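Enquirer: All letters in the sequence shown, in the order written, are residues 3 to 125, 127 to 261 by PDB author numbering.
Beta carbons are placed, not taken as given, at the ideal position from N, Cα and C, and that holds for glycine.
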Amino acid sequence: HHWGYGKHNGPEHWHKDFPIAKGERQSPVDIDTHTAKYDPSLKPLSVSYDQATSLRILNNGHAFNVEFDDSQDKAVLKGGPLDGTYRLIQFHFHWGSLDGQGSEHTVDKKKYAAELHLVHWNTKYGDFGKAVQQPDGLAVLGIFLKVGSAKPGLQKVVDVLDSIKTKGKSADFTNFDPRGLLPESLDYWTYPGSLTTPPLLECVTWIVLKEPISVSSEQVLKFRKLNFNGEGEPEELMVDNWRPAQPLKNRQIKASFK
Ligand SMILES: NS(=O)(=O)OCCCCCCCCOS(N)(=O)=O
Ligand SMILES: [Cl-]
Ligand SMILES: [Zn+2]
């Protein structure tokens with residue numbers, strides 16, 4: 003057996019193999035907009051994805067990862083609450099079976115249809132492996148997805164999903180520009196958290212954008228055609244691969260805007 007999002011291996015079961023699931027800085031969390039406080043110490047956020055080099059897209063049995071070449075400082079995230087440079091390594095999404103759910107973070111308890119996670123690691128630690136052994140090893144830029152108008156920049160991702168329907172399948176995915184997945188505004192909320200999937204390591208500085216991007220019903224419907232299962236096995240649609248909000252505990256969510 004292995005962790006997943008089913009009734010028998012879902013979020014409520016994770017703590018048995020990953021005790022940190024009940025830790026002090028777990029993610030995601032509900033973002034109470036009225037309790038979040040504007041933080042003047044936050045520096046301007048810098049998303050520099052101009053030289054991003056995508057390589058492959060993979061169905062890992064939980065979601066699909068668009069992987070990037072992080073052997074050189076190309077796609078980096080800096081500024082904001084971040085100290086130093088964080089390099090983009092991959093991005094993936096979390097989505098629901100219906101438009102009314104799918105996101106991991108929530109805003110005033112509101113759930114979006116999906117959530118995009120752009121994962122970056124602190125270059127001061129040399130590699131991703133070492134970074135996840137540090138309290139400030141990672142920075143994940145989270146972007147909410149709502150259903151409405153199509154997102155042109157997402158279509159290339161959608162059209163390749165048919166080739167990676169099942170767990171373990173991958174496909175070349177070069178020259179994809181992640182800048183086409185960003186909303187207009189970079190206003191955000193930030194707080195110290197963790198990976199939202201096992202191992203649930205608490206090494207993440209979360210930066211969640213306030214402005215969601217709009218994707219079409221057709222685009223998200225194709226996300227829902229993916230499979231959690233591997234080839235030749237009974238079909239288990241890849242839907243609702245999101246972890247619910249976790250206790251905030253000793254943390255404050257800061258806003259980059261007034
Ligand atoms: N949803 S999230 O963005 O918070 O996180 C997803 C998992 C990200 C990958 C985590 C892999 C952890 C194992 O790293 S290792 N082998 O030790 O280098
Ligand atoms: Cl199921
Ligand atoms: Zn994620």
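Spatial neighbours of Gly25 within its chain, please: C-beta separation below 8 angstroms, excluding the five flanking residues on both sides.
Expert: Excluding residues within five positions, the ones whose Cβ falls inside 8 angstroms are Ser197, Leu203, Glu205.
Enquirer: Pull the bridge partners of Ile59 from the DSSP assignment, please.
Expert: Paired residue(s): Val68, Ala174.
Enquirer: Quick check on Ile167: does DSSP put it in helix, strand or coil?
Expert: DSSP places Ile167 in helix when its eight states are reduced to three.
Enquirer: Kindly indicate which residue of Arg58, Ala23, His64, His17 has the alpha-carbon position closest to the one of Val242.
Expert: Per the Cα distances, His64.
Enquirer: Return the CA-CA distance between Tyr114 and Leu229, expressed in angstroms with no decimal places.
Expert: Roughly 19 angstroms separates the two Cα atoms.
Enquirer: Express the C-alpha separation of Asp130 and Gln137 in angstroms, rounding to a whole number.
Expert: Those two C-alpha atoms are separated by around 11 angstroms.
Enquirer: Quick one: what does DSSP say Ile256 is sitting in, helix, strand or coil?
Expert: In this structure, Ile256 counts as coil in the three-state DSSP scheme.
Enquirer: Which residues share a DSSP beta bridge with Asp32?
Expert: Answer is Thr108.
Enquirer: Ligand 1 heavy atoms versus the CB of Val211: any closer than 7 angstroms?
Expert: Checking the Cβ of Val211 against ligand 1 gives no.
Enquirer: Contact between the segment 68-86 and the segment 208-218 is defined here as three or more beta-carbon pairs at a separation below 8 angstroms; is this criterion met?
Expert: Result yes; three or more Cβ-Cβ pairs closer than 8 angstroms.
Enquirer: Whose beta carbon lies closer than 6 angstroms to any heavy atom of ligand 5, going through the chain in order?
Expert: Ligand 5 is absent from the structure shown, which contains only ligand 1, ligand 2 and ligand 3.
Enquirer: With C-beta atoms as the reference, is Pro195 less than 8 angstroms away from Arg89?
Expert: Contact flag unset, no.
Enquirer: Does the contact criterion of 3 or more C-beta pairs under 8 angstroms hold for the segment 160-173 versus the segment 35-54?
Expert: They do not touch, by the three-pair rule.
Enquirer: What's the C-alpha gap between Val68 and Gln92?
Expert: Spanning the two alpha carbons is a distance of roughly 5 angstroms.
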